[PDB]
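Peer 1: I have a structure I would like to understand better, so I am pasting it below and will then ask my questions one at a time.
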Amino acid sequence: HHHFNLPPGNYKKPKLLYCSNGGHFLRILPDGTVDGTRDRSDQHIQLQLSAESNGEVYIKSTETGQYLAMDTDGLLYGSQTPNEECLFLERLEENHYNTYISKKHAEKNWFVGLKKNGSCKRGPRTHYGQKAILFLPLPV
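Here it is as structure tokens:
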């Protein structure tokens, strides 16, 4: 129940998910915490995306093997194993950026998003039109 404009590019190589908002890269820490950092030398910002179905992806830390996931209350966390909370609908936005909508909570438009201060947005606080939800996958 969402548009199907997909971004180009593939999932062959890992990427850094750069957030246009504050300029932070999405980060999945060893303890399961998820946030953003501007430090390009960080070892937990390298992410491998994989397509599960057309337009659906898993976003995994290449350093720890953890899956990006959004919980029942909209909080991003790092999961040790893949589950329905780890699937995201990857879509093009503003004819340029990549956005990631929680498949599980797609009806409520809960996006992956980073605030200018580097902390993740909670699902319910995200919405189309915010810069917090706009990402650019950059080469590692």
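Reading the sequence shown from the start, the letters are residues 1D to 1F, 1 to 137 in the authors' numbering. We treat Cβ as the ideally placed atom computed from N, Cα and C, and that holds for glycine.
With 16 other CB atoms within 10 Å as the buried threshold, where does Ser47 fall?
Peer 2: Within the sequence shown, the letter at position 50 stands for residue 47. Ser47 is exposed by the Cβ-count criterion.
Peer 1: Return the residue from the list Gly20, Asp70, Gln63 that minimises the CA-CA distance to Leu131.
Peer 2: Sequence index remark: in the sequence shown, residue 131 carries index 134 (1-based). The candidate whose alpha carbon is nearest that of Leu131 is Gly20.
Peer 1: Measure the CB-CB distance between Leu73 and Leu65 and report whether it falls below 8 Å.
Peer 2: Mapped onto the sequence shown, residue 73 falls at position 76. Mapped onto the sequence shown, residue 65 falls at position 68. Against a cut-off of 8 Å, the Cβ pair of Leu65 and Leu73 comes out as a contact.
Peer 1: So for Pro121, helix, strand or coil by DSSP?
Peer 2: Here residue 121 is taken as the residue at index 124 of the sequence shown, counted from 1. Three-state result, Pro121: helix.
Peer 1: Give me the DSSP bridge partner(s) of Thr96.
Peer 2: Counting from one through the sequence shown, the residue named residue 96 turns up at place 99. Partner(s): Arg88.
Peer 1: So for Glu60, helix, strand or coil by DSSP?
Peer 2: Position 63 of the sequence shown holds residue 60. Coil.
Peer 1: Just to confirm the assignment, what range does the beta strand (DSSP E) spanning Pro136 have?
Peer 2: For the purposes of this step, residue 136 is taken as residue 139 along the sequence shown, with counting starting at 1. Unbroken beta strand (DSSP E) run through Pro136: 132-136.
Peer 1: Taking the alpha-carbon positions, what's the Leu86 to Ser38 distance?
Peer 2: Walking along the sequence shown from the start, residue 86 turns up at place 89. Walking along the sequence shown from the start, residue 38 turns up at place 41. Put simply, the backbone Cα of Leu86 is about 28 Å away from that of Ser38.
Peer 1: Along the chain, where does the beta strand (DSSP E) that runs through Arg35 open and close?
Peer 2: Against the sequence shown, residue 35 aligns to sequence position 38. Run containing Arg35: none; DSSP gives neither H nor E here.
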